[PDB]
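Below you'll find the structure, written out as structure tokens, and then a few comments.
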There are 2 protein chains.
Amino acid sequence: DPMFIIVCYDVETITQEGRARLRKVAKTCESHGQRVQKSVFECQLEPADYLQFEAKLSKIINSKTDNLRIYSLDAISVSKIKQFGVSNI
Amino acid sequence: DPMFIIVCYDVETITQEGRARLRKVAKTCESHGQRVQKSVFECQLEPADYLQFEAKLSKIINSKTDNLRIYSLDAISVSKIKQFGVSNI
């Protein structure tokens, strides 16, 4: 029943403004899941809550600069997640 | 019949060696799909070819330094894939 969501956020983290945008997206995602890369998060949601969550992240980015890509997958979509190398940050 | 594959490669791009590792992953993924973000690619492969592909990416990375994450999905609707902002390289 619960949706599995991969959030991929490409934003510059040289400027304080850009670091703050990434911090804000991280903090939205981490109350529904886990940070797996600097800018990749895995979340679980009831489908009912999805749209509000999508709007929340959307509103945070600079749409003239940044890229946000969200995969909203059915539970059964995913057969295998394979990790390589090192797991911190 | 073929699997949908999200490749997420988190590598430092401060050193020439690190930029080169990202370039080499990109070039492997782009003969099987599309670069959709700086460090995210979408690929399609028949199962037999998956393992050889997974080994090829694995071999390229610094396993002590980089993070490579491969999602193996059953085929999804394009409607499950949401984008916001621009594609700026």
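Letters go in sequence order (proteins before strands), and every chain restarts at 1.
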Heavy-atom closest contact ([X] atom, [Y] atom, distance):
X: A:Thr28; Y: A:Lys24; value: OG1-O, 2.9 Å
X: B:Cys29; Y: B:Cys43; value: O-SG, 3.5 Å
X: A:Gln37; Y: B:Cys8; value: NE2-O, 2.8 Å

Among residues at least two apart in sequence or on other chains, which ones pass side chain to side chain contact (heavy atoms under 4.5 Å, CB included) with [X]?
X: B:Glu46; answer: B:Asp1, B:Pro2, B:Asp49
X: A:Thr15; answer: A:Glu12, A:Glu17
X: A:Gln83; answer: A:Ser87, B:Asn67, B:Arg69

Open item on the list: Using a 4.5 Å cut-off between side-chain heavy atoms of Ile, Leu, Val, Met, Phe, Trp and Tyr, which other residues end up in the same hydrophobic cluster as A:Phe41?
Closed with: A:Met3, A:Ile5, A:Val7, A:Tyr9, A:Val11, A:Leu22, A:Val25, A:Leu45, A:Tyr50, A:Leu51, A:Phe53, A:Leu57, A:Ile60, A:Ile61, A:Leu68, A:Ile70, B:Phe84
TODO: Check which hydrophobic residues are tied to B:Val86 through side-chain heavy-atom contacts below 4.5 Å, counting indirect links as well, and list them.
DONE: none
For [X], side chain to side chain donor-acceptor pair (under 3.5 Å) partners two or more places apart:
X: B:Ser31; answer: none
X: A:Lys80; answer: B:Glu54
X: A:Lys38; answer: A:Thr13
X: A:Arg21; answer: A:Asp66

Out of curiosity, [X] [atom1] to [Y] [atom2], how far, rounded to the nearest 0.5 Å?
X: A:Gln44; Y: A:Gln34; atom1: CD; atom2: CD; value: 9.5 Å
X: B:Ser77; Y: A:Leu73; atom1: OG; atom2: CG; value: 11.0 Å
X: A:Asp10; Y: B:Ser39; atom1: CG; atom2: OG; value: 7.0 Å
X: A:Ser72; Y: A:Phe4; atom1: OG; atom2: CZ; value: 11.5 Å

Open item on the list: Using a 6.0 Å cut-off, check whether atom CZ of B:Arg19 has over 12 heavy atoms from anything other than its own residue.
Closed with: yes
TODO: With the side chain counted from C-beta on, respond yes when B:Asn88 and A:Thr65 share a heavy-atom pair under 4.5 Å apart, and no when they do not.
DONE: no
TODO: Report the C-alpha separation of A:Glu42 and A:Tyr71 in whole Å, then their side-chain angles, then the decisive distance to 0.1 Å, and conclude whether the side-chain hydrogen bond (donor to acceptor under 3.5 Å, both in side chains) test is met.
DONE: CA-CA 10 Å; A:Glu42 288 182 5; A:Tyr71 297 89; over 6 Å; no
